[PDB]
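In the form deposited in one PDB entry, a lone chain appears below as C-alpha cells.
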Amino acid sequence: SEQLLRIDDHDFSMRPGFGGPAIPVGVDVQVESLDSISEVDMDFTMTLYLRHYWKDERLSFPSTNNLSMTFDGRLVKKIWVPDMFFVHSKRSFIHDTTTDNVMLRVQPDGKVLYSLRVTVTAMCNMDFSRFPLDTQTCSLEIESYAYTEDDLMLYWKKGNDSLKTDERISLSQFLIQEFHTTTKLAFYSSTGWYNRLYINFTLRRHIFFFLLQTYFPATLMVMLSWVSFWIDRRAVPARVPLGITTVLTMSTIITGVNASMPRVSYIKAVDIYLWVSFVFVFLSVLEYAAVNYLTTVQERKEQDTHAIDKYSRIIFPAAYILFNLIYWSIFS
C-alpha cells in the first residue's frame, strides 16, 4: 500500500502549495453528546466527530478503477495534515479503544478525508443575577495553531448544513435549543490574521419547579402571619407564641434554600424575594407588642377591637400586593 504513495520521495514537513497561494481546508462537525455542565466553574463538556477535507497532488496514485485507499493513525505521522485546536478549552482527549479512533481516506486524484472522535471541556461565562429566570448562551471555537490566512484558509464545507446534532441530546437540569454556526477573523500581533469557526447554543431552566419549591412556601407563611390580626387581643398566651413560631418557620425555610443552591456569592433575584418576606413577618410581631403595651397603659390609667388591628387587616395585604406587582414588572 504505502509504496504507491511516494512517501520516501516528498518533504511532508511543509504544506501543499508552499511559496504560492493558501490551501483551502473545509470542515464538518457531528455532535454526539453533551456530557456535563458546571455552574461554579463555568464550563461544559462535549463529545463529537471532527472531519477535514483537502487535496494534495503528492498523494495521487495510479489505478485502473475508482477505488479509494483507507488508513489509520500510523499513516498520519508520515504525511502532512491540518493543525486544528479548540480555543478557550480547559482540557480534551482523543479516544483510543480498541485502537485510536482516527481514519484517513485517500482518492486516486489525491483528495483526502481525515476523521477523528474527541471529547472537550470548554469555558462558558455565566451571569446568575436573574436566577432562576436566567438564560445562558455558550459556544465552541475552532482554529489553526500555526498558519495565518496567507497560508491556510479555513471554512465550513456546506454552510449551516455542516453541523449535525444527535436526536437524543439532553441535559438533566436544562433545556437546550437553537444550534447554529458562524465565523469571524481574529488578530494576534506576533503573527497576524486567522479565521475562526463557531458552534452556538442556548440554555434555559424549568421555571415551575423553582416556583413550587421556593416562592410558594414563603408566600404561605406571610399569609399565616396575618391570621393574628383576627384573634382577641386579651389572649396574650395565644398571640405571643404564634408570632415567634412563625419567625422560626420562615428562618428554617430560608436556611434550607441556601444550603441547596450553587455556591455563587453575589445577590440573586430569589434572594430579594425571600428577605423581603422575612421582614413582613418580623413587622407583624412588632404590631402586637404595641397593641398590648397601650392596652396595659389604659388599664392602668383607668384603674372591642383596637384601631391598630383594624388598620393592619387592610394595610399589610395591600402592601404585599404592591411589592409583588413591582417585583414581577422588573423580572418579568
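If you superpose the two forms and keep the largest set of C-alpha atoms that fall within 1.5 Å, you have the rigid core. Throughout, we count residues from 1 along the sequence that is shown.
Missing here is the form deposited in another entry; even so, the following discussion is about that form.
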- Query: Any CA movement of 2 Å or more for residue 192 between this form and the one not shown, core superposed?
  - Reply: no
- Query: Comparing between this form and the one not shown on the rigid core: C-alpha of residue 215 shifted by 2 Å or more?
  - Reply: yes
*Any chance the CA of residue 250 moves 2 angstroms or more between this form and the one not shown, core superposed?*
yes
One pair moves by 3 angstroms or more in the other form: the C-alpha atoms of residue 171 and residue 265, which are farther
